[PDB]
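Enquirer: My questions will all concern the structure given below.
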Amino acid sequence: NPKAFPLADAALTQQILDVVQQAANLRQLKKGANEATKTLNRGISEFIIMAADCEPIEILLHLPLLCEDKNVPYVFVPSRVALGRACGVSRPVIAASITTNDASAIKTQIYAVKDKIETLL
Amino acid sequence: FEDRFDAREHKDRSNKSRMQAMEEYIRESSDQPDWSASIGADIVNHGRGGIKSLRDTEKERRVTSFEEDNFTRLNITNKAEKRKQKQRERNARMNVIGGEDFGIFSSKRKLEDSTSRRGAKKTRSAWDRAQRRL
Amino acid sequence: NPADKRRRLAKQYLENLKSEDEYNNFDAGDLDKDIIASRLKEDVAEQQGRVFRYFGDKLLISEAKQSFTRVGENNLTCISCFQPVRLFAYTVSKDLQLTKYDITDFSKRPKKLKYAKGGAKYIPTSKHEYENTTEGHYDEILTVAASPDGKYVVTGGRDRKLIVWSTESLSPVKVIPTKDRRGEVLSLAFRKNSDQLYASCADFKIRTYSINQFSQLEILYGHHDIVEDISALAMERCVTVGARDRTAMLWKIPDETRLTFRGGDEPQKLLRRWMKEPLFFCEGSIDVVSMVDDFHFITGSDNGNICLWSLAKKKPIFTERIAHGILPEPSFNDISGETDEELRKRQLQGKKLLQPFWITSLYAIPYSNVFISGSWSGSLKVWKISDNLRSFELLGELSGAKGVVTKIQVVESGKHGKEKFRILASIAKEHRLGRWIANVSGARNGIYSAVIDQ
Amino acid sequence: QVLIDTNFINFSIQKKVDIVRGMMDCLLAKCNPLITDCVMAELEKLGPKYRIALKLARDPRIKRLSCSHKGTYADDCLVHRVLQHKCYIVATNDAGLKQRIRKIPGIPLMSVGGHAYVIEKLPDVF
Amino acid sequence: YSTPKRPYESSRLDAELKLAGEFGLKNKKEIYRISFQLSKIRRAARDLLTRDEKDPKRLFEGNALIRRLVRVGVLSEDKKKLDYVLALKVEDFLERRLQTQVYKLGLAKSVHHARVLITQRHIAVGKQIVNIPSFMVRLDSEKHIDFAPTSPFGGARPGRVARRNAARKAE
Amino acid sequence: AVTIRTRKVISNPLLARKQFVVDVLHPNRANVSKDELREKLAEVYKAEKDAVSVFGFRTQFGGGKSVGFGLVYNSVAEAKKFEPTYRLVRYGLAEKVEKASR
Amino acid sequence: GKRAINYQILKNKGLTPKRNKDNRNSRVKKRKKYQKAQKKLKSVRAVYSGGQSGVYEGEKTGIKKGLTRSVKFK
RNA sequence: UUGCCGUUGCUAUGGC
Ligand SMILES: [Zn+2]
């Protein structure tokens, strides 16, 4: 067991990154570590994606404890660069969060990814 | 007795057996692409009609090919249009949901009777089926 | 066996549809249409041109004259060139400057001629999407394209404009906005020997223009992510690739129809294929194209794939999995923050977070036997496609280009059996769309020219 | 998921309707039929005249619940476990049980009528 | 379309109340039309289940039905089984119409703002301006629903109210 | 600014003619503007403006494109010979009215 | 000199009751009887409104220590 | 050979 433990393999990683890109287009993604912990303590979050290769790792390992407290799925993508590119911004991000919405046109996709990463976790 | 020239037996029919489930499976397992339109270009009356079905866009492509090929507009011929356009658009808004026709699932027509279960290669001998395999 | 029964019943079905080689084999409608074919005109643009320049193994590779002319522009982004039937080149940067070069002095480095630098002065005084008719670029010029006849260069970027500049003076003759808020252009390609431009805009849109008439022909829709690259030849076909939908489409632009080609490599079946006796996996995002001829093209992916596709097969014909290597893993003094090397090594998880270089530039020489791939591995790769057109293979490398390769294209010289080319490649230290790129390992913002011979 | 009782089974066999296939072409959905232990106790107590009904209720396609109470009053058990949870269709032909079930709200009621099953308080049947 | 069996029971009235209010429908005929053709769809899929495995009808019409249901978009890509066609229902069908989709994509503030945008022609999927609200967008036309370029909520010239107010304030 | 595209250009020596299909492109314009289209056609081809002609115009839904049928002649006299009289009334010079009785 | 007809002879809506502006549109009526219905639903059930908005202020309406609104079994 | 700056060559490199 490493610190960044529940890492996803390549198929789950690309499923995660595709729904991250679609939520970023639909304004349902809060990107960055402290925005992610803000939306996590506010409770509007469906799952959090941490990238398992940033330059420290505890910098985002603070978030699994918060997700565990509030029972939110969390998953580790192995590329901060690809995560930022999926988020649609011109920088690497290390953590992102899918906020809850019921007037959301990708709710089935988000729920399927939640089920996959929760059976992983 | 004697022969008699039969265009109904050397005419290309190919439509008694053209079933949409078999054709859809062939389009799935075709391994060559399918010439689909740029996505807005195939809806018809700002959405007052359907999208258009695959048979309707095939027929439209045939009509525009014949159109450009011999320089003639087709017409508003009354008997054929009062049959075909009105009956076609009413069964289109009946059975075509979102560019896909679901009319076939509501229709009794046996697949394997006409379109499968070969009649010429019926292999009514043990030896003929043995040679057809090997 | 249900799929066996499906294949069997489909075979019987096709046999029955045939039911409903002799000495005489002539068909009346086919020969009548062939009489009309003998009657018609314009066997010029619509050549279904196959690969007629078979010269991959012929020319030299290993001793190219490689000059990396460094320029003082932050993050060069595109390269456009020109040959008539003196040669000029064009570069453009993230510093909002277009720069004209002369390149025809073949044995030496290119020569700067003229700047054209937009800036904050060109921000429109409206913030209104159809009075975007200013005369310069105020944000992030992403692509240039020279005319095949050479009257104009046409460029555009994230300011959702197409500015067409004259060649002889680098002056903006005409401005055409893309009339909506997300309408950033990402790739431009003229169809060859023409005046028709194909721009690929991030609205999932492809705009087409006639430049010498200052008119837009046709807008054509249908990708699912941003159309990251475009490619065209002398035919009125076009080939675009959207980024994350992992499909490449090719467009009959007069018919406004397309052929889609999805990817579809899975590490489950691929690791089973290796398990019959290994760090290779699925696909991120198809990124770059170049139409090699009018029946084949090649795609550069996000997991370092280079794939070769035909016009008659949905799934790709040939793959090449790792094309520029896998990236150097982040150091133990920059992963963890513990004290001991054992825990800082445990924070690498072995091989699980090694990511491959992604091919960010691909150029097929038109109708030829050889294409060039580039990323930030430092070394361009040159590949030739086999003469049966079902595979390609690495010839050699061009290792004098430190940085990301934001653009590759070649410039021809020499006659039908003796040839020499200069491969231009725009080199930056940052990807041409966003930043995202750490470990800038000795990169410089320059133009890597190579002179290859024979 | 549909809770069966004894007169629904008797009327099914008297009208020659299969249980799971009658349920499927009534609702046009996939059904899970449930025999509570009190309905099974009632069918067993019906005697050796109803052997056909008992060994058609003994069917692996018909799943079965485990009621935890004294006595075998299936109407009380069905009413209690349906007004507790509201995730059940009640298939019945008793007039009294039909009136109880259609007086408690949100509970669809299925019944043998004619030569196939009918459903009433389920508002999405077509 | 066709009317239901018992059209006036209170569960059906509260059902239609929730459906018309949650999807901005004008009357009962929207629900009844889309439910009539859904009834045909899953009445067919019931017969495709009542025949057996390796039946030609079941194999070919089953994968045909689930593939064109996936391409309409009411069925996701991974559930390629034929019992999910039975689990399908009416709001899975009228979440696919253009009014619902315009509101979910966020070009409008409610389903009623979406209905008036569609009927005032500010919405175009792909190339063509769609102008009826019950359109049943597909899984490929899901991402090209945007504002029409002929409309002031796109980038076009502003309408008559805005330009008349600008002219009168210029006077 | 209108835009012009010729396709499938064949030659008819029996009718001394060159014929083709005409994709006419008018983004944010109404329609083909047929006399201006004959001008644009007569200048993209050679001069013969009273020998170029178009007849079959169909605009697709939402505007922009329209497909017409273009036929261009050499020799305006033989164009007057070969074209029909109603199209000559529409475009060129001929005008003979029918006798209105019964 | 043209004695034009007027609206009550033209449209002939003889002696109607006062009717509703919300009844003049079939869509707005169901918009406003669904808003009424989902305001009545807050009375019968307790509706999940979306969780804790800001700081937890308190119950804002009272706490009953005698009432138990839970479904007992059998 | 450039935005600066260093080695420079009497041309190539490397730090922002
Ligand atoms: Zn019981």
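By convention here, the chains of the structure tokens are called A, B, ... in the order presented, each chain's residues are numbered starting at 1, and ligands are numbered starting at 1 in the order presented.
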Select the residues contacting ligand 1 at a distance of at most 10 Å, based on only C-alpha atoms (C1' of nucleotides) and all ligand atoms, then format the selection as a list in words.
Expert: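 These are the residues that qualify: residues 35, 36, 37, 38, 39, 40, 41, 42, 65, 66, 67, 68, 69, 70, 71, 72, 73, 74, 75, 76, 77, 78, 79, 80 and 81 of chain D.
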Enquirer: Excluding residue 59 (chain A) and residues on its chain fewer than 2 positions from it, collect all residues at most 10 Å away from it, counting only C-alpha atoms (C1' of nucleotides), and give them as a PyMOL selection string.
Expert: (chain A and resi 33+54-57+61-63+94-95) or (chain C and resi 336-337)
Enquirer: Please list as a short mmCIF file (atom, residue, chain, number, x, y, z; two decimals) with C-alpha atoms, in the first residue's frame every residue within 12 Å of region 43-46 of chain F, counting only C-alpha atoms (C1' of nucleotides) and excluding residues in the same chain fewer than 4 positions away.
Expert:
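Listing of part_11.cif after writing:
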```cif
data_model
loop_
_atom_site.label_atom_id
_atom_site.label_comp_id
_atom_site.auth_asym_id
_atom_site.auth_seq_id
_atom_site.Cartn_x
_atom_site.Cartn_y
_atom_site.Cartn_z
CA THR F 3 -19.71 32.04 -53.97
CA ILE F 4 -19.78 29.68 -56.92
CA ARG F 5 -18.94 26.00 -57.39
CA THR F 6 -19.23 24.07 -60.63
CA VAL F 9 -18.78 19.49 -66.18
CA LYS F 18 -21.07 22.69 -71.81
CA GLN F 19 -23.24 21.68 -68.87
CA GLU F 36 -25.93 38.30 -60.90
CA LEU F 37 -25.29 34.56 -60.97
CA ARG F 38 -25.22 34.61 -64.77
CA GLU F 39 -22.74 37.49 -64.53
CA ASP F 50 -26.21 35.92 -73.41
CA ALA F 51 -25.10 32.31 -73.94
CA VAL F 52 -24.78 31.23 -70.29
CA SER F 53 -27.98 30.04 -68.62
CA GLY F 70 -25.94 25.39 -65.46
CA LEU F 71 -25.46 25.16 -69.20
CA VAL F 72 -23.15 27.53 -71.05
CA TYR F 73 -22.96 28.00 -74.80
CA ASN F 74 -20.53 29.32 -77.26
CA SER F 75 -22.17 31.29 -80.09
#
```
Enquirer: Work out how far CA of residue 403 (chain C) is from CA of residue 375 (chain C), in Å to one decimal.
Expert: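 According to the coordinates, CA of residue 375 (chain C) and CA of residue 403 (chain C) are separated by 7.6 Å.
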Enquirer: So that I can see what lies close to residue 57 (chain D), please list as JSON, numbers by chain the residues with an atom at most 9 Å from it, counting only C-alpha atoms (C1' of nucleotides) and leaving out residues fewer than 4 positions away in the same chain.
Expert: {"D": [9, 19, 35, 40, 43, 52, 53, 62]}
